[PDB]
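What follows is the content of coords11.tsv, which has TSV, C-alpha atoms and all ligand atoms:
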```
chain	number	residue	atom	x	y	z
A	4	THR	CA	-21.48	44.61	83.94
A	5	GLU	CA	-20.66	45.39	87.59
A	6	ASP	CA	-18.95	48.70	86.74
A	7	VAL	CA	-21.94	50.12	84.85
A	8	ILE	CA	-24.95	48.42	86.49
A	9	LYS	CA	-24.56	48.57	90.24
A	10	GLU	CA	-26.23	46.18	92.67
A	11	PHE	CA	-28.69	49.01	93.57
A	12	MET	CA	-30.02	51.19	90.73
A	13	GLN	CA	-32.69	53.87	90.44
A	14	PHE	CA	-34.79	54.84	87.45
A	15	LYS	CA	-36.98	57.64	86.21
A	16	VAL	CA	-39.87	57.07	83.74
A	17	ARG	CA	-42.24	59.18	81.68
A	18	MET	CA	-45.11	57.90	79.59
A	19	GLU	CA	-47.29	59.69	77.06
A	20	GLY	CA	-50.26	57.68	75.89
A	21	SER	CA	-53.81	57.30	74.82
A	22	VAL	CA	-56.51	54.68	75.28
A	23	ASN	CA	-59.55	54.85	72.93
A	24	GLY	CA	-58.56	58.45	72.23
A	25	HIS	CA	-58.14	59.50	75.84
A	26	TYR	CA	-54.73	61.22	76.27
A	27	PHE	CA	-52.71	61.01	79.47
A	28	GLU	CA	-49.22	61.41	80.85
A	29	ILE	CA	-47.56	59.60	83.74
A	30	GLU	CA	-44.28	60.27	85.51
A	31	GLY	CA	-42.59	58.03	88.01
A	32	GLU	CA	-39.50	56.81	89.76
A	33	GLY	CA	-38.31	53.38	90.74
A	34	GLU	CA	-35.46	51.45	92.22
A	35	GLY	CA	-34.28	47.93	92.70
A	36	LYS	CA	-31.60	45.29	92.73
A	37	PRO	CA	-30.80	44.40	89.10
A	38	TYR	CA	-28.92	41.18	89.93
A	39	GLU	CA	-31.64	39.90	92.26
A	40	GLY	CA	-34.47	40.67	89.83
A	41	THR	CA	-36.49	42.86	92.20
A	42	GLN	CA	-37.78	46.42	91.81
A	43	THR	CA	-40.41	48.92	92.92
A	44	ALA	CA	-41.96	51.86	91.08
A	45	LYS	CA	-44.17	54.76	92.11
A	46	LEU	CA	-46.19	56.40	89.32
A	47	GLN	CA	-48.24	59.57	89.22
A	48	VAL	CA	-50.79	60.57	86.60
A	49	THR	CA	-49.78	64.11	85.61
A	50	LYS	CA	-52.24	64.70	82.71
A	51	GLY	CA	-55.53	63.13	81.67
A	52	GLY	CA	-56.45	61.93	85.16
A	53	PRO	CA	-58.35	60.34	86.67
A	54	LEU	CA	-57.99	57.68	83.98
A	55	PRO	CA	-61.26	56.23	82.68
A	56	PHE	CA	-59.76	52.77	82.08
A	57	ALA	CA	-58.02	50.02	84.00
A	58	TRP	CA	-54.53	50.81	85.39
A	59	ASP	CA	-53.50	47.23	84.74
A	60	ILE	CA	-52.98	47.74	80.98
A	61	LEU	CA	-50.26	50.31	81.81
A	62	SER	CA	-48.41	48.46	84.57
A	63	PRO	CA	-46.09	46.18	82.49
A	64	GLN	CA	-44.89	49.27	80.58
A	65	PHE	CA	-43.17	50.92	83.57
A	69	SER	CA	-37.72	47.68	83.29
A	70	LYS	CA	-35.82	44.73	81.89
A	71	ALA	CA	-32.43	45.65	83.38
A	72	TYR	CA	-33.79	44.13	86.59
A	73	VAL	CA	-34.19	40.46	85.60
A	74	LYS	CA	-32.03	37.97	87.56
A	75	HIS	CA	-29.97	35.94	85.05
A	76	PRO	CA	-27.97	32.78	85.69
A	77	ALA	CA	-24.34	33.21	84.66
A	78	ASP	CA	-24.90	30.98	81.62
A	79	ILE	CA	-27.64	33.07	80.03
A	80	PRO	CA	-26.24	36.27	78.53
A	81	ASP	CA	-28.13	39.17	80.08
A	82	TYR	CA	-28.73	41.10	76.81
A	83	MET	CA	-30.56	44.00	78.50
A	84	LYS	CA	-27.83	44.59	81.10
A	85	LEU	CA	-25.10	44.21	78.44
A	86	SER	CA	-26.70	46.93	76.35
A	87	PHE	CA	-25.81	49.63	78.91
A	88	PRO	CA	-24.77	52.40	79.16
A	89	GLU	CA	-26.20	53.21	75.70
A	90	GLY	CA	-29.19	51.01	76.46
A	91	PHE	CA	-31.91	49.41	74.44
A	92	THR	CA	-35.35	49.90	72.99
A	93	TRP	CA	-38.43	47.71	73.12
A	94	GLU	CA	-41.61	47.57	71.11
A	95	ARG	CA	-44.59	45.59	72.23
A	96	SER	CA	-48.03	44.58	71.05
A	97	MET	CA	-50.76	43.42	73.44
A	98	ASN	CA	-53.71	41.77	71.76
A	99	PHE	CA	-56.64	41.21	74.12
A	100	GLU	CA	-59.36	38.59	73.72
A	101	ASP	CA	-62.09	41.16	73.13
A	102	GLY	CA	-60.24	42.98	70.34
A	103	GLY	CA	-58.59	45.69	72.37
A	104	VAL	CA	-55.07	46.28	71.16
A	105	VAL	CA	-52.12	48.17	72.64
A	106	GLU	CA	-48.89	49.18	70.98
A	107	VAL	CA	-45.98	50.41	73.10
A	108	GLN	CA	-42.55	51.83	72.21
A	109	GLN	CA	-39.89	52.35	74.87
A	110	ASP	CA	-36.40	53.76	75.09
A	111	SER	CA	-34.03	52.85	77.93
A	112	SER	CA	-30.69	54.57	78.63
A	113	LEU	CA	-28.31	54.99	81.51
A	114	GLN	CA	-27.50	58.61	82.24
A	115	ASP	CA	-25.06	59.48	84.96
A	116	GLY	CA	-25.88	56.41	87.02
A	117	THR	CA	-29.69	56.46	86.72
A	118	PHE	CA	-31.82	54.58	84.25
A	119	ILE	CA	-33.99	56.81	82.11
A	120	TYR	CA	-37.15	55.33	80.55
A	121	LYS	CA	-39.32	57.00	77.89
A	122	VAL	CA	-42.55	55.27	76.93
A	123	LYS	CA	-45.16	55.91	74.24
A	124	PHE	CA	-48.46	53.98	74.64
A	125	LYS	CA	-51.50	53.65	72.38
A	126	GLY	CA	-54.50	51.45	73.04
A	127	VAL	CA	-57.48	51.23	70.64
A	128	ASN	CA	-60.69	49.30	69.99
A	129	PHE	CA	-61.39	48.43	73.65
A	130	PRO	CA	-65.12	47.72	73.90
A	131	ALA	CA	-66.95	50.37	75.86
A	132	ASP	CA	-68.54	47.72	78.07
A	133	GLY	CA	-65.40	45.60	78.30
A	134	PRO	CA	-63.31	45.05	81.42
A	135	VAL	CA	-60.66	47.66	80.55
A	136	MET	CA	-63.02	50.59	80.01
A	137	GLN	CA	-65.23	49.42	82.90
A	138	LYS	CA	-62.30	48.98	85.30
A	139	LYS	CA	-63.18	45.32	86.07
A	140	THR	CA	-59.62	43.94	86.16
A	141	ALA	CA	-57.76	42.90	89.26
A	142	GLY	CA	-54.12	42.44	88.36
A	143	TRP	CA	-51.89	40.31	86.15
A	144	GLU	CA	-51.34	36.66	86.74
A	145	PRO	CA	-47.80	35.49	87.26
A	146	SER	CA	-46.30	35.04	83.80
A	147	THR	CA	-43.61	33.31	81.89
A	148	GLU	CA	-42.15	34.99	78.79
A	149	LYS	CA	-40.57	32.81	76.11
A	150	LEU	CA	-37.49	34.65	74.79
A	151	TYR	CA	-35.58	33.78	71.64
A	152	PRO	CA	-33.13	35.41	69.29
A	153	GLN	CA	-34.36	36.10	65.76
A	154	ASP	CA	-33.37	38.57	63.03
A	155	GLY	CA	-30.55	40.03	65.15
A	156	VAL	CA	-32.85	41.05	68.03
A	157	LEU	CA	-34.37	39.36	71.09
A	158	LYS	CA	-38.04	38.51	70.90
A	159	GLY	CA	-40.49	37.53	73.68
A	160	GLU	CA	-43.95	36.04	73.75
A	161	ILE	CA	-46.38	35.75	76.66
A	162	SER	CA	-49.77	34.06	76.67
A	163	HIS	CA	-50.85	36.34	79.44
A	164	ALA	CA	-54.01	37.03	81.41
A	165	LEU	CA	-55.56	39.60	83.69
A	166	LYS	CA	-57.69	38.55	86.60
A	167	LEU	CA	-61.25	39.87	86.59
A	168	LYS	CA	-62.93	41.21	89.73
A	169	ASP	CA	-65.59	38.47	89.23
A	170	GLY	CA	-62.87	35.76	89.41
A	171	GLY	CA	-62.49	34.80	85.73
A	172	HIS	CA	-59.73	35.88	83.34
A	173	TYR	CA	-59.20	38.25	80.48
A	174	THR	CA	-56.51	36.98	78.17
A	175	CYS	CA	-53.84	38.92	76.35
A	176	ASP	CA	-51.07	37.87	73.99
A	177	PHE	CA	-47.87	39.91	74.37
A	178	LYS	CA	-45.24	40.12	71.66
A	179	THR	CA	-42.13	42.20	72.44
A	180	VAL	CA	-38.99	42.99	70.44
A	181	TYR	CA	-35.92	44.01	72.47
A	182	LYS	CA	-33.07	45.75	70.59
A	183	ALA	CA	-29.74	46.83	72.02
A	184	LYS	CA	-28.51	50.21	70.75
A	185	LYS	CA	-25.11	48.71	69.99
A	186	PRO	CA	-24.21	45.17	68.93
A	187	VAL	CA	-24.21	42.88	71.96
A	188	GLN	CA	-24.21	39.10	72.34
A	189	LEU	CA	-27.68	37.60	72.01
A	190	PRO	CA	-28.67	34.81	74.37
A	191	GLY	CA	-30.27	31.61	73.25
A	192	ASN	CA	-33.83	30.60	74.02
A	193	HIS	CA	-34.81	31.10	77.66
A	194	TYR	CA	-37.79	31.80	79.89
A	195	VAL	CA	-38.39	34.60	82.36
A	196	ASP	CA	-40.88	34.21	85.22
A	197	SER	CA	-42.31	37.58	86.31
A	198	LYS	CA	-44.76	38.63	88.95
A	199	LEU	CA	-46.06	42.19	89.02
A	200	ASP	CA	-48.12	43.37	91.99
A	201	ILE	CA	-49.92	46.67	92.45
A	202	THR	CA	-48.93	47.18	96.11
A	203	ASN	CA	-50.77	50.46	96.68
A	204	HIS	CA	-52.84	53.09	94.96
A	205	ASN	CA	-55.06	55.99	95.85
A	206	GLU	CA	-58.77	55.72	95.22
A	207	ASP	CA	-58.72	57.06	91.62
A	208	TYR	CA	-55.40	55.48	90.62
A	209	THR	CA	-53.67	58.83	90.12
A	210	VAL	CA	-50.85	57.59	92.41
A	211	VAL	CA	-49.82	53.92	92.16
A	212	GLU	CA	-47.05	51.74	93.63
A	213	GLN	CA	-45.84	48.59	91.83
A	214	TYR	CA	-43.45	45.78	92.64
A	215	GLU	CA	-41.98	43.31	90.17
A	216	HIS	CA	-39.85	40.17	90.65
A	217	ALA	CA	-38.38	38.55	87.50
A	218	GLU	CA	-35.93	35.71	86.98
A	219	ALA	CA	-34.55	34.01	83.89
A	220	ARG	CA	-34.06	30.27	83.49
A	221	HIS	CA	-33.90	27.44	80.92
A	222	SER	CA	-37.10	25.63	79.75
A	223	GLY	CA	-38.95	23.24	82.11
B	301	CL	CL	-34.80	38.71	79.92
B	302	CL	CL	-28.10	27.49	85.27
B	303	CL	CL	-31.73	38.46	77.81
B	304	ZN	ZN	-27.78	26.86	83.14
B	305	ZN	ZN	-33.00	37.43	79.38
B	306	ZN	ZN	-56.00	32.51	87.18
```
So that I can check it, write out the structure of this file as structure tokens.
Amino acid sequence: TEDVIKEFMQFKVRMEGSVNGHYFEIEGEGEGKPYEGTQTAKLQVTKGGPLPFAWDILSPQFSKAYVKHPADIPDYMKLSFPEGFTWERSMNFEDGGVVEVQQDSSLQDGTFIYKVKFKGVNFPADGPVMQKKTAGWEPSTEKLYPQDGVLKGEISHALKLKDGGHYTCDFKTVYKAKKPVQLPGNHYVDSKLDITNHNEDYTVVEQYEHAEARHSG
């Protein structure tokens, strides 16, 4: 994939979303090293700001072309380019909050283009998302497996709380190449997403993610 996906690649992203009815839009840009599994993003809230809910529920929605894969695990997301792939995700939180996300990824004239639609509902008014009591995602491991002609991933995930406990969230994601490409077998991806900067009202935010694929255990 060295001809299509270079060792340095940039991306642009736009998200339209709502949380408990509150509409917003975010635009951003990012860059990274797809074969090393590292990337940065800078996001700006362009509508609906300042957001009255935790940034953290948005952060994993702003880039699977940048996961380091061993040679022996087919890198389905990289192989999908230039046409690209789509993903659809549910996030089911312990307190009944639920998010659904739909994303389209393409490569256009050397730059990745990401389009995201986000909808979160049923977050309790006094819960940690609406009260902005979260403090970032734990490091995670996604279990990936082929099924029904697509790649599926599950994470038993958790957000840290400012008080030091956790707020758990089950992720289910379906990744679909836009053309037929070789599916990998079962594997795991370790990710770590850090919010590295933000302004006081989270209308400008910087993120960094490191992600690497491997076999079980
Ligand atoms: Cl992956
Ligand atoms: Cl290996
Ligand atoms: Cl993959
Ligand atoms: Zn191996
Ligand atoms: Zn993979
Ligand atoms: Zn913990």
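Take the candidates A:221, A:123, A:95, A:45 and check each one against ligand CL 303 (chain B) using all atoms listed in the file; the shortest distance goes to A:221.
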Within 12 Å of ligand CL 301 (chain B), which residues of chain A show up? Give each one with its shortest atom-to-atom distance in Å (one decimal) and the two atoms involved, counting only C-alpha atoms and all ligand atoms, rows by chain then rising residue number, as CSV.
```
residue,atom,partner,partner_atom,distance
A:37,CA,B:CL301,CL,11.5
A:38,CA,B:CL301,CL,11.9
A:40,CA,B:CL301,CL,10.1
A:69,CA,B:CL301,CL,10.0
A:70,CA,B:CL301,CL,6.4
A:71,CA,B:CL301,CL,8.1
A:72,CA,B:CL301,CL,8.7
A:73,CA,B:CL301,CL,6.0
A:74,CA,B:CL301,CL,8.2
A:75,CA,B:CL301,CL,7.6
A:76,CA,B:CL301,CL,10.7
A:79,CA,B:CL301,CL,9.1
A:80,CA,B:CL301,CL,9.0
A:81,CA,B:CL301,CL,6.7
A:82,CA,B:CL301,CL,7.2
A:83,CA,B:CL301,CL,6.9
A:84,CA,B:CL301,CL,9.2
A:85,CA,B:CL301,CL,11.2
A:93,CA,B:CL301,CL,11.8
A:147,CA,B:CL301,CL,10.5
A:148,CA,B:CL301,CL,8.3
A:149,CA,B:CL301,CL,9.1
A:150,CA,B:CL301,CL,7.1
A:151,CA,B:CL301,CL,9.7
A:152,CA,B:CL301,CL,11.3
A:157,CA,B:CL301,CL,8.9
A:158,CA,B:CL301,CL,9.6
A:159,CA,B:CL301,CL,8.5
A:160,CA,B:CL301,CL,11.4
A:179,CA,B:CL301,CL,11.0
A:180,CA,B:CL301,CL,11.2
A:181,CA,B:CL301,CL,9.2
A:182,CA,B:CL301,CL,11.8
A:189,CA,B:CL301,CL,10.7
A:190,CA,B:CL301,CL,9.1
A:191,CA,B:CL301,CL,10.7
A:192,CA,B:CL301,CL,10.1
A:193,CA,B:CL301,CL,7.9
A:194,CA,B:CL301,CL,7.5
A:195,CA,B:CL301,CL,6.0
A:196,CA,B:CL301,CL,9.2
A:197,CA,B:CL301,CL,9.9
A:216,CA,B:CL301,CL,11.9
A:217,CA,B:CL301,CL,8.4
A:218,CA,B:CL301,CL,7.8
A:219,CA,B:CL301,CL,6.2
A:220,CA,B:CL301,CL,9.2
A:221,CA,B:CL301,CL,11.4
```
Would you kindly return, as a list in words, each protein, DNA or RNA residue with an atom no farther than 7 Å from any atom of residue 17 (chain A), considering all atoms listed in the file and excluding same-chain residues fewer than 6 positions away?
residues 29, 30, 31, 120, 121 and 122 of chain A
Within 12 Å of ligand ZN 306 (chain B), counting all atoms listed in the file: which residues, as a list in words?
residues 141, 142, 143, 144, 145, 146, 163, 164, 165, 166, 167, 168, 169, 170, 171, 172, 173 and 174 of chain A
Surrounding residues of residue 138 (chain A) excluding itself and chain neighbours under 5 positions, 12 Å, only C-alpha atoms, as a PDB file with C-alpha atoms, keeping the file's coordinate frame:
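Dumped to result-v9.pdb:
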```pdb
ATOM      1  CA  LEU A  54     -57.990  57.680  83.980  1.00  0.00           C
ATOM      2  CA  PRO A  55     -61.260  56.230  82.680  1.00  0.00           C
ATOM      3  CA  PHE A  56     -59.760  52.770  82.080  1.00  0.00           C
ATOM      4  CA  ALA A  57     -58.020  50.020  84.000  1.00  0.00           C
ATOM      5  CA  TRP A  58     -54.530  50.810  85.390  1.00  0.00           C
ATOM      6  CA  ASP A  59     -53.500  47.230  84.740  1.00  0.00           C
ATOM      7  CA  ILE A  60     -52.980  47.740  80.980  1.00  0.00           C
ATOM      8  CA  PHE A 129     -61.390  48.430  73.650  1.00  0.00           C
ATOM      9  CA  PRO A 130     -65.120  47.720  73.900  1.00  0.00           C
ATOM     10  CA  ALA A 131     -66.950  50.370  75.860  1.00  0.00           C
ATOM     11  CA  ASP A 132     -68.540  47.720  78.070  1.00  0.00           C
ATOM     12  CA  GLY A 133     -65.400  45.600  78.300  1.00  0.00           C
ATOM     13  CA  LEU A 165     -55.560  39.600  83.690  1.00  0.00           C
ATOM     14  CA  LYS A 166     -57.690  38.550  86.600  1.00  0.00           C
ATOM     15  CA  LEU A 167     -61.250  39.870  86.590  1.00  0.00           C
ATOM     16  CA  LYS A 168     -62.930  41.210  89.730  1.00  0.00           C
ATOM     17  CA  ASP A 169     -65.590  38.470  89.230  1.00  0.00           C
ATOM     18  CA  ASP A 207     -58.720  57.060  91.620  1.00  0.00           C
ATOM     19  CA  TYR A 208     -55.400  55.480  90.620  1.00  0.00           C
TER      20      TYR A 208
END
```
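Of the residues under consideration (A:119, A:104, A:199, A:77), A:119 shows the shortest atom-to-atom contact distance to residue 18 (chain A) when counting only C-alpha atoms.
Among the candidate residues A:28, A:106, A:89, A:154, the one lying nearest to residue 185 (chain A) is A:89, with distances computed using all atoms listed in the file.
Counting all atoms listed in the file and comparing A:176, A:111, A:90, A:23, the residue that lies closest to residue 135 (chain A) is A:23.
Candidate residues A:223, A:128, A:88, A:65 were compared for distance to residue 103 (chain A), and the nearest is A:128, using all atoms listed in the file.
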The residue from A:100, A:5, A:78, A:212 with the smallest atom-to-atom distance to ligand CL 302 (chain B), counting only C-alpha atoms and all ligand atoms, is A:78
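Here CA of residue 92 (chain A) and CA of residue 53 (chain A) stand 28.7 Å from one another.
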What's the separation between CA of residue 44 (chain A) and CA of residue 213 (chain A), in Å to one decimal place?
5.1 Å
So how many Å separate CA of residue 64 (chain A) and CA of residue 105 (chain A), to one decimal?
10.8 Å
How big is the axis-aligned box, and where does its centre sit, when it encloses all atoms of region 166-180 of chain A listed in the file and has 4 Å added on every side, reported in Å to one decimal as AutoDock Vina command-line options?
```
--center_x -52.3 --center_y 38.9 --center_z 80.1 --size_x 34.6 --size_y 16.2 --size_z 27.3
```
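Close contacts of residue 42 (chain A), defined as residues with an atom at most 6 Å away when counting only C-alpha atoms, with chain neighbours fewer than 6 positions off set aside, comprise residues 34, 35, 214 and 215 of chain A.
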Starting from the incomplete input, reconstruct N, CA, C and O atoms of region 168-180 of chain A and report them as a tab-separated table (two decimals), in the frame of the given file.
```tsv
chain	number	residue	atom	x	y	z
A	168	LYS	N	-62.35	41.05	88.40
A	168	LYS	CA	-62.93	41.21	89.73
A	168	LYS	C	-63.97	40.12	90.03
A	168	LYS	O	-64.12	39.74	91.19
A	169	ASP	N	-64.67	39.61	89.03
A	169	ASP	CA	-65.59	38.47	89.23
A	169	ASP	C	-64.92	37.10	89.42
A	169	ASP	O	-65.61	36.11	89.72
A	170	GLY	N	-63.61	37.02	89.24
A	170	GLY	CA	-62.87	35.76	89.41
A	170	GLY	C	-62.46	34.99	88.16
A	170	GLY	O	-61.67	34.03	88.26
A	171	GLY	N	-62.97	35.37	86.99
A	171	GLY	CA	-62.49	34.80	85.73
A	171	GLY	C	-61.21	35.49	85.25
A	171	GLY	O	-60.51	36.14	86.00
A	172	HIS	N	-60.96	35.36	83.95
A	172	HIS	CA	-59.73	35.88	83.34
A	172	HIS	C	-60.04	36.62	82.07
A	172	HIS	O	-61.09	36.41	81.42
A	173	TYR	N	-59.09	37.45	81.67
A	173	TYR	CA	-59.20	38.25	80.48
A	173	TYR	C	-57.85	38.14	79.82
A	173	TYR	O	-56.87	38.70	80.32
A	174	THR	N	-57.80	37.43	78.71
A	174	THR	CA	-56.51	36.98	78.17
A	174	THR	C	-55.91	37.99	77.22
A	174	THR	O	-56.61	38.77	76.59
A	175	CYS	N	-54.59	37.94	77.11
A	175	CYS	CA	-53.84	38.92	76.35
A	175	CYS	C	-52.54	38.31	75.87
A	175	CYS	O	-51.75	37.87	76.71
A	176	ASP	N	-52.33	38.31	74.56
A	176	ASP	CA	-51.07	37.87	73.99
A	176	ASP	C	-50.11	39.04	73.85
A	176	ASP	O	-50.44	40.06	73.25
A	177	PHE	N	-48.94	38.90	74.45
A	177	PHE	CA	-47.87	39.91	74.37
A	177	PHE	C	-46.87	39.44	73.34
A	177	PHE	O	-46.47	38.24	73.33
A	178	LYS	N	-46.40	40.36	72.51
A	178	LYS	CA	-45.24	40.12	71.66
A	178	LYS	C	-44.35	41.33	71.84
A	178	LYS	O	-44.80	42.43	71.66
A	179	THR	N	-43.10	41.10	72.19
A	179	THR	CA	-42.13	42.20	72.44
A	179	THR	C	-40.85	41.94	71.66
A	179	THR	O	-40.39	40.78	71.53
A	180	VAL	N	-40.28	43.03	71.13
A	180	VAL	CA	-38.99	42.99	70.44
A	180	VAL	C	-38.04	43.91	71.21
A	180	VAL	O	-38.35	45.10	71.41
```
